[PDB]
Amino acid sequence: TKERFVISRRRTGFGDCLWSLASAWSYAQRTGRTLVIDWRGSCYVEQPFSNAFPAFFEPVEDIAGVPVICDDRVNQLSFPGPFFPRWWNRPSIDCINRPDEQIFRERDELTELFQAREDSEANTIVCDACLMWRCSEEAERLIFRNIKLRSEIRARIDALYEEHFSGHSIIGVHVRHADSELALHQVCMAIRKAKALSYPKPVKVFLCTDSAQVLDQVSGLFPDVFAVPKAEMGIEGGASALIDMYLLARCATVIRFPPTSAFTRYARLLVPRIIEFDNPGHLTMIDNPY
Ligand SMILES: Nc1nc2c(ncn2[C@@H]2O[C@H](COP(=O)(O)OP(=O)(O)O)[C@@H](O)[C@H]2O)c(=O)[nH]1
């Protein structure tokens, strides 16, 4: 009997990476495989063969009973074939071309596998597609509770929490960016809706946006708006993303613009009230006690 594996490969934003990871974990758990977290080629890391996982999270060798490999051993180990999806059995020269259509086919093939009664006979499952929505919300919560941010990032979160969140009810606003005038108008309406709700503590607005113009505009339109200020630059970008993602999950209400963004998925799982645009033009509120 030989060790078998599920490899979770993802190189996009962390919301996507961590949700896709939960899907891979859940299959590994179901089928008695080792999970490999392979974030080589991450958008936040300049070096293309460095596993990005340990640049942001502490080493983990086990997640809820599933053995994990999450470090530079991905560059030393030969993960055994045959592989699934079957594209991964092709010669390397044939794997140079990996268009979106192949990636989307593999999403579908993995989805089918995950739903099937029988485990695959492949010794290694390679997950290198978006696996958002491909697991239970419980699997997603389990991931957030069983990996830990590096201490330098936690310390920043802890400082910001003490400075801004503590003693207050925070409305978190995620704005992922004639068109722009409307959209700013809609975000303003969402904030006004959120502010008209009752909170137990005095209200502040936490803005997370990837745009400078949005911060200046929203801050000029509402009181008590704050934000977290902004190779080495890739890692700082990643840290700043994680700080924002985690702090959003500590808000009393979160506004998701748009609610399709994985960035606010963690917040969506944890926060008591979520506001989003639905009937377009119209705002909906979700209660999540849970
Ligand atoms: N620091 C920071 N980065 C953001 C914010 N919104 C988006 N980003 C960056 O863009 C990436 C978005 O990808 P993901 O988290 O998968 O969310 P999605 O692409 O909007 O589904 C985030 O992980 C961040 O790296 C934000 O409010 N604050």
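Residues numbered from 1 in each chain as written, not as in the entry; some residues may be left out. Heavy atoms only, no water.

**Concerning the site of the ligand**
By nearness alone, 16 residues border the ligand, and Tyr-44, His-174, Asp-244, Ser-261 and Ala-262 come closest of all. Here an oxygen atom of the ligand sits 2.9 Å away from a polar atom, N or O, in the main chain of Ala-262. The separation between an oxygen atom of the ligand and a polar main-chain atom of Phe-263 is 3.3 Å. Summarising the interface, the protein chains cover 82% of the accessible area of the ligand, which totals 570 Å² for the free molecule. Breaking the shell around the ligand down by element, the ones donating at least two residues are α1 (14-31), β8 (203-209) and α8 (232-248). Along the lines of polarity and charge, the residues of the shell around the ligand split into six nonpolar, six polar and four charged. Taken together, domain 1 (1-149) and domain 2 (150-290) each give at least three residues to the shell around the ligand, which thus spans both. (Near = heavy atom within 4 Å. Polar contact = N/O pair within 3.5 Å; in protein donor to acceptor, adjacent residues only side chain to side chain. Areas by Shrake-Rupley, 256 points an atom, 1.4 Å probe, with all protein chains shown as cover. Helix = DSSP H or I, 4+ residues; strand = E, 2+ residues; numbered from the N terminus. Nonpolar A, V, L, I, M, F, W, Y, C, P; charged D, E, K, R; others polar. Domains from an automatic or database assignment.)

**Quick word on the UniProt feature "binding site: GDP 1" (unreviewed entry) in the protein chain**
UniProt records the feature "binding site: GDP 1" (unreviewed entry) for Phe-14, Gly-15, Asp-16, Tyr-44, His-174, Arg-176, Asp-244, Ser-261, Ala-262 and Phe-263 in the present numbering. Within the secondary structure, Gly-15 sits in helix α1. The residues touching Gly-15, leaving out its near neighbours within four places in the chain, are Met-245, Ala-262 and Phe-263. As for its position among the elements, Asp-244 is in helix α8. The exposure class assigned to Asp-244 is buried, which follows from its relative accessible area of 9%. (UniProt positions renumbered as here; feature names shortened; annotations may be inferred. Contact = heavy atoms within 4.5 Å. Buried < 20%, exposed > 50% of the residue type's maximum accessible area, 1.4 Å probe, protein only.)

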